[PDB]
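In: just the starting chains for now, same placement as in the complex:
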Amino acid sequence: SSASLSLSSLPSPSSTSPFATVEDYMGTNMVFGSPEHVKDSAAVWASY
Amino acid sequence: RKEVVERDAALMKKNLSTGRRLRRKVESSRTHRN
Amino acid sequence: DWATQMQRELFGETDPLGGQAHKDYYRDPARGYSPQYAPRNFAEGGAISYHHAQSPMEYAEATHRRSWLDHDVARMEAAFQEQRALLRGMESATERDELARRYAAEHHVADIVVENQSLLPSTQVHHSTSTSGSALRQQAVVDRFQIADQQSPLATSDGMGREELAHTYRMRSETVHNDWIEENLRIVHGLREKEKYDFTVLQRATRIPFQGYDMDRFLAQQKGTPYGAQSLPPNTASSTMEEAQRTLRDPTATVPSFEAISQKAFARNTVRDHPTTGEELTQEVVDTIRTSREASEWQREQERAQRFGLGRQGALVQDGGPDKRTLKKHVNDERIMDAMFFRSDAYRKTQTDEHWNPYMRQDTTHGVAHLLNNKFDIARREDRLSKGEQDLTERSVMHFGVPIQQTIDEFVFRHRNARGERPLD
Amino acid sequence: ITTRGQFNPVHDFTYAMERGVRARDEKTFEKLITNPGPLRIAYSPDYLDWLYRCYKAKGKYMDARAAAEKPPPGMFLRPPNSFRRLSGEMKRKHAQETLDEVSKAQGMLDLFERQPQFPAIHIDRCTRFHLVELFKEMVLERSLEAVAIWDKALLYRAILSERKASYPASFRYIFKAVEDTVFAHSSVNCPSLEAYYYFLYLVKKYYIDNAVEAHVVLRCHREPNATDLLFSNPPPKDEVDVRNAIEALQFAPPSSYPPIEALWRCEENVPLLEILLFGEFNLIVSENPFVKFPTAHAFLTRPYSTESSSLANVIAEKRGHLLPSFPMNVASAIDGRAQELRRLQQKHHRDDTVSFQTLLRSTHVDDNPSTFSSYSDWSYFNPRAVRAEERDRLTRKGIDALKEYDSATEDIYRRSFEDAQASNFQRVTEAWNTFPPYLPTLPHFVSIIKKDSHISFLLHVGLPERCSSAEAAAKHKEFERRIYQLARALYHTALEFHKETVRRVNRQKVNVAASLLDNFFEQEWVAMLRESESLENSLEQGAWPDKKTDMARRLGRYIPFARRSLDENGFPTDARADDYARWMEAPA
């Protein structure tokens, strides 16, 4: 927006391919997952 | 699977309970909505 | 004249009926709760001569057509704003009307009053006294959708999505398969056989109808077709608006339950004691929607369980084995479902596992496909059924009918010599 | 989503409570509630309590979310920053954004339709620029007659000046503008006093007080038959006394007018324009007008059917001289039927409307799901009524977003993981577990007729070039029309086959559309086969490629679709001719 140009830059792999979105039904990502996505992944998979 | 259905029953019940609110009436004036 | 003022109340940004309640006019959810003109036709009696809906798929498709046309309606309103600018700048009354006169003649809004063309007098006097031309043309109410409904490209799709269509086919074929199960259940009970046997027992009193000297003249006076036998509808008891609206507005209360529940929990809001708005209202609405979806699929599982007696009866660990059960005389049961299936498809590799035997294969009871093995077969099949000749793969089973002599002999035997029918000699 | 009698709040409490303003006291809430510019709204106490409950709920809920920030019964949370849950955030956010638009647009439109919960629109600090901008956006935008707006311009002034006693000290703020109103200055500045006096004489005569009478008298006041049309249920006063009244305060219609542009242009008309905004914003009260005016009903809105209450000879004229006319049993029979219909209408005239009101008032008094309700179905008249379309647009627009939010619960929420394993442990097979590629679709059923060699030939080759003659344009829109006519009927059957009678009725639709199509076909095909007088000349061979013999006659005997025994999916009946005939018999 005219106010939220930075506040609209969401974390989203800029692609047209829908393969930048592969993950389980746990939504976790051990490969090509973000530094913090793999963090979430290690945490939740470790907790399960 | 059998307690999630009880939770869903609770959800639909809290939705369809719809206790009533009191509605006020205003004196009509042939010219303005009082 | 009529379409002139109709278009004149179109051109306004006012409600063509002011939104006030009117009896002879319906708020059809298909039209989007638009003021549709539908008087009660008291030649039938009380029945509001309207499209009584029959399935929420017409609401679904009316909404889709409505969104598809909405583009055109923005253009209509764009043109209507300048035409009203002209109708304003015009100071002369008769020319100010003349504009909308010829412009409705242009938008061809004189053809949207659907007049009747049925030169049978019975239906003529049915229509032309309650819904006459001098009723519809005089009283018609046109919305800003009817003019785009003339000028628009034709649709080629429907308002049905992917999960919607999958679920709808689920429902249709589950209902048809259930009904099939049921008519085969009355078979394994023998209730269709009782029906047929009652047929011939009742046949033991029915006199041979007298078919008149000139049997065509007999049937002619029967249909009332010769000159002077014209027939009207038998005047039946005319019910009230109270029953006409309850039989029409509830069929439209069977609009699709998404639209229904979404509108209905939303209209519970403003009059509820905890009335919210925004996300905390959208969440509750879609929540009632999801809960209803789940609980309805649940209730239909249960109607299957009841209709076909599915589900264990008693306990699980009854001291006489787990599967202990009782069969009731002519009452559907789960062992019976399992049994009519184990009986037909016992070790079935495909529907034609026993189609090795010739007088097992050629049987055309449950269809005819398996004996149409090439495209020429089905080609002559359909050409033949168009031209009306008896289907050639139909004749694959030889059904020597019932001899006229057998039917007559049985009739005489039931009726004890047809004493009423012999010639007095 | 809206119903007849809905409260859609015009507030965006979200951003106030986003930035941190929190309302706990009632006077602060009321100042928060009102607009301070050239629009000072007042909301009815029902919606005032409703809106305070709205703020209670919203403040407490944003408290709950801010307290959680520092699921379904069996759908968990995946870790954050997932693509699933992130785009689930996205779908829910987009849903709530579009629906904030839907709700606030519903608030604005309910507010400006002159709805009951919104009883008063004020314009206090309204500069003339705002006066004219609101005029040309709600009256010079909503109007159709530049003479009728100039009629309202002094009719409303007459009404407000007549009842300057009936409005509180609050509504006294139009009176200064009403009283400094210019008359008989110059030609194209303002209308004269003869107009004002006609409109004041009529208001004194007809006791006109509310905008529900102002509009009906604006619609019957220049008709010559105003006498019976405006004929009030309580009849009004006489001209011979209202005229000495108007003479003590100091009829034929005022036609002499300025331009309507004078109203929104004049620096003098502006106190006369506060009145015009005032009669549409204020002065507009919910009150049924056609119990008072029993005759303006049939003209204003449409008449009643049963209130209008030789049929045999009317029908003999309709059916024309080619059918042998109704003899002397059936003339009397039709006449008796018609008189009986007239009598039953005479009976069920008034009760119909009264029970219609009460039927539509049950679902209104019920705190219940809205089954029969509408967007504007009062038992009274609001001539500023927004159409059903300028509501249904955003209606469906919010409905689809409701579906979209419904959709965003699989992204943000997950079922158990070994439940998911158990789900996957039954592999989905095209052989057994797959739903059939043919779908009961309108494209599928336009395709079957578009799969036709004969229909395709008559659309591509057969019917003449649509691009040359405008008659070809209509003839081809008619081909496509009947093809699509059959297509939708087949679509409907497909969808509703299992329904014992609905399937049979939609199969009737099929048989009617396809009958129209095959008659179309058997004439628009022998037309293209009569276009062979171009080739019946002494180009006797024209060796290989003739279009009719046989580029067009090769395609053979045609199959009409009223007869083509088509099954549920859109392919010929696997069931036999007998079975299919029974299945597709009449609903009779």
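Out: It's in. Residues are numbered from 1 along each chain as shown, chains lettered A, B, ... in the order given.
In: quick check: residue D:130 touching residue D:124?
Out: No. Using CB atoms under 8 Å as the test, residue D:130 is too far from residue D:124 to be in contact (10.5 Å). Quick note: C-beta positions are derived from backbone N, CA and C, even for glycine.
In: so what sits against both of those two?
Out: Residues touching both residue D:130 and residue D:124 (CB atoms under 8 Å, 6 or more residues apart in numbering or on different chains): residue D:38.
In: so for those two, which sits in the more crowded spot?
Out: More neighbours surround residue D:130 than the other of residue D:130 and residue D:124, with 15 against 11 (other CB atoms under 10 Å in any protein chain shown).
In: quick one: residues contacting the closest residue to the more buried one other than its chain neighbours.
Out: Setting aside the residues directly before and after it, residue D:130 is nearest to residue D:38 in space (CB to CB, 6 or more residues apart in numbering or on different chains), at 3.9 Å. Residue D:38 makes contact with D:123-127, D:130-131, D:134, according to CB under 8 Å, 6+ apart.
In: how far away is the residue lying farthest from the centre of chain B from residue D:123?
Out: Residue farthest from the centre of chain B, counting by CA atoms, centre = their mean, is residue B:31 at 32.0 Å. Residue B:31 sits 18 Å away from residue D:123 when distances are taken as CB to CB, to the nearest Å.
In: go on, residue D:461?
Out: With the distance defined as CB to CB, residue D:461 ends up 67 Å from residue D:123.
In: and residue C:165, by the same measure?
Out: Look at residue C:165 and residue D:123: by CB to CB, they are 52 Å apart.
In: following sequence is chain E, place it on the structure:
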Amino acid sequence: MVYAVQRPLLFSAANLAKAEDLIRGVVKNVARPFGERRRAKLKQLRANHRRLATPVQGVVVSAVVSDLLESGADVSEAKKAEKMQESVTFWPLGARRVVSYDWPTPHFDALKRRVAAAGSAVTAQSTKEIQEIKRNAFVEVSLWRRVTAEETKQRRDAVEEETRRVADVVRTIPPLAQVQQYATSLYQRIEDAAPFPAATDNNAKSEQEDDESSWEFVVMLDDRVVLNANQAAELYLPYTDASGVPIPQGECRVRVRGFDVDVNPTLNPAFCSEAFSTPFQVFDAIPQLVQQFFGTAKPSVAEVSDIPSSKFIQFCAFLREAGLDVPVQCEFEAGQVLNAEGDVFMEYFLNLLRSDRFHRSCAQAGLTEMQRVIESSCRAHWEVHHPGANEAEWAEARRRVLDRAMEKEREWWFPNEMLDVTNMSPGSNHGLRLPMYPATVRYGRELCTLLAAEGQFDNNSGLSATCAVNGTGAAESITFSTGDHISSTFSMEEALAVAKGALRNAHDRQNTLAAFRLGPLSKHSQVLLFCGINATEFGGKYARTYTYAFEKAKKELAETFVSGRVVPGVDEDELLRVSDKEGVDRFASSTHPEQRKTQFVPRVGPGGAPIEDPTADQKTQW
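Out: To build on what is shown above, here is chain E added in:
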């Protein structure tokens, strides 16, 4: 362990999400030069037309006259020649100004004689006539900002580091070389031909020295301007372009494209009359306005939070005074959020002001918001059918192209729920299920094969031809258009060649139409299957079944070529080998003749035939 279970499929998904992006990088760069050539060509072609029609020499921006009057300003001559503002000097971002033009066009005169023939006596025939006069030609206002070569040089560097990247990775990946070749050749086939009556080449010595700072497209202010009496259009500048990025300050001017449909069909941007006004600046005004009207300091122009709701109406009127546009409705909607002291906020009022809630350019505002959902499909499709295009070309043809794709490809570019994926990342379980797909492939194919496309062409010799050609190839309606001279006299195969170019463009347009129509489902079915292999019939463990069956079917369609293609051994009865008999005796006993039953009791067929153990005397293959 879960990392290692996830690797085999996730490493491949990563390879894919990398290679898809590499191909996008290749094609996005190789699409450019065709755009470059079309641009220079359709500029030559505009240098060609300006020598036939009468252009707009004077395009003049003025400030809006006070649309109000004074207490004695009668209707007589309120258009006096003193307050007319012959030009302007600037236009702040949120300001309104009225733009006018010079157009001695024959249709302008068909407007003017009828507007000056009769006055206050307006008649129905006059209006029905004058609307068709105002309907055969339109004016296109364009507000373009200048650009110095310092931005063009970094832009050169931007596209050149892209070319270096693409040519490095193409050198690395030999697939990408053939991909670059096929993308160029595909774009060369698809390009909408513009063989026109070529113009006068720019002579090297009479060059237009524009290397200092060129004009540059940002925003169009209106597309379809109607003919007026005052010859005017009251246009306001949208704060933020139809792109999301706000318009920064900078010098601009108005170019008015004069489109005369009397001479210009299909709206080719080469056949129209353009213009150039006084160069002027545009800027942002609100930060300076909240300052001037409040007296707050120079650095803390972000200190102002809520607007005290007593001086705030004077705030808006002083906005209007200082030169902007302030609508009462925007003001009123801002007035639903108030402060604890009753004050409207800045962050809400300004948001609605800089937003398209209420007041926009009539260019976007004419296009239906129903079309603002499809301007993501029409845009990309047209950006294939017109290669490497900027925002300039796209905006110029936005209106006509969206209108045509609504009028004659309506289902093509309308949203279809069965055929749209309204979410990118979660669709892979959301929208396309594992059983529901092989009906969606069919549904898309049936949609496109029901649908067709219109495609035109012209050899530029005097005949064009347009086709309605379907997803079958068979046409619906073809038009030979010899709107050129009587001396056309085309040859037989020359007419066939006109029609051949017509057919070919119709087929290619249909191909790109349908490719975009069915892209998203194909792509997300791709991920659903490409990583839902762990649930399919042929995935995980049962793949050693599906592939084995594909091999057995290979072998069996081999044997139909030998045995002549009649029903081969149904119970494996035409095989010479018992070891090669893969069908066996599935009966409890083999020597007991009772226990060979499919049910609990030996069944009989028609007439009583023992049907469990068929003897070869009851069996016939007839």
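In: since we added chain E, can you redo the contacts of residue D:38?
Out: If you count contacts by CB under 8 Å, 6+ apart, residue D:38 has them with D:123-127, D:130-131, D:134, E:313, E:328, E:331-332.
In: buried subset of those?
Out: Among the contacts of residue D:38, the ones that count as buried by 16 or more other CB atoms under 10 Å in any protein chain shown are D:123, D:125-127, D:130-131, D:134, E:313, E:328, E:331-332.
In: quick check: residue E:143 is in a helix.
Out: No. Applying DSSP: H, G, I helix; E, B strand; the rest coil, one finds residue E:143 to be strand, outside a helix.
In: check contacts around it.
Out: Counted by CB under 8 Å, 6+ apart, residue E:143 has contacts E:91, E:218-221, E:237, E:252-254, E:282.
In: hmm, back to that, not counting its neighbours along the chain, what's nearest the residue farthest from the centre of chain B?
Out: Using CB to CB, 6+ apart and skipping residues adjacent in sequence, the residue nearest residue B:31 is residue D:166, 4.3 Å away.
In: phi, psi of the one you found?
Out: Backbone torsions for residue D:166, taken as degrees, to the nearest 10, come to phi -100, psi -10.
In: quick one, longest helix in chain E?
Out: Longest helix of chain E, by residue count under DSSP state H: helix E:492-530.
In: residue D:580: which element?
Out: Assessed by DSSP states H and E, residue D:580 sits inside helix D:577-583.
In: for chain A, which segments count as helices?
Out: With DSSP H, the ranges of helices along chain A come out as A:35-47.
In: again with chain B
Out: Using DSSP H, the helices of chain B run over residues B:4-16.
In: quick one: name the residues of it near chain D.
Out: Neighbours of chain D within chain B, by CB under 8 Å from any CB of the partner chain: B:1, B:3-5, B:7-8, B:11, B:18, B:20-21, B:23-24, B:26, B:28-34.
In: here's chain F, add it to the model above:
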Amino acid sequence: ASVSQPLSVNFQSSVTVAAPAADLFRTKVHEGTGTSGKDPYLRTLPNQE
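Out: One more piece, chain F, placed on the ones above:
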């Protein structure tokens, strides 16, 4: 063209009201359901020519 509806005489009360012909049932070659004359409880004319 008649029903199996029950009439309170001891003869016509012996025949229970049969729920209607199944909507989508594929019936045999010789047997119909009995809703009409053309669809009778036992079709009489053969399929021969």
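In: in light of the added chain F, please revisit the contacts of residue D:38.
Out: Contact analysis of residue D:38 by CB under 8 Å, 6+ apart lists D:123-127, D:130-131, D:134, E:313, E:328, E:331-332.
In: ok, it to residue C:116 distance?
Out: Residue D:38 is 55 Å from residue C:116, by CB to CB.
In: ok, now residue D:10?
Out: Taken as CB to CB, the span from residue D:10 to residue C:116 is 48 Å.
In: looking at the two, which has the bigger crowd around it?
Out: Neighbour totals were compared for residue D:10 and residue C:116, and residue D:10 leads with 25 against 15 (other CB under 10 Å).
In: not counting sequence-adjacent ones, nearest residue to the residue in chain E that chain B sits nearest to?
Out: Going by CB to the nearest CB, chain B is nearest to residue E:429 of chain E, at 19.3 Å. Excluding the flanking residues, the one nearest residue E:429 by CB to CB, 6+ apart is residue D:410, at 6.5 Å.
In: looks to me like that neighbour is in a strand.
Out: No. With three-state DSSP as the criterion, residue D:410 is assigned coil and is not in a strand.
In: need the residues of the stretch 51-200 of chain D near chain E, please.
Out: Residues of the stretch 51-200 of chain D found near chain E (CB under 8 Å from any CB) are D:83-84, D:86-88, D:90-91, D:104, D:108, D:125, D:127-130, D:132-134, D:137, D:186-189.
In: among those residues, name the buried ones.
Out: Listed as buried from those are D:83-84, D:86-88, D:90-91, D:104, D:108, D:125, D:127-130, D:132-134, D:187, D:189; burial here means 16+ other CB under 10 Å.
In: ok, residues contacting stretch C:340-349?
Out: Residues from elsewhere that reach stretch C:340-349, judged by CB under 8 Å, 6+ apart: C:181, C:184-185, C:188, C:353, E:586, E:598-599.
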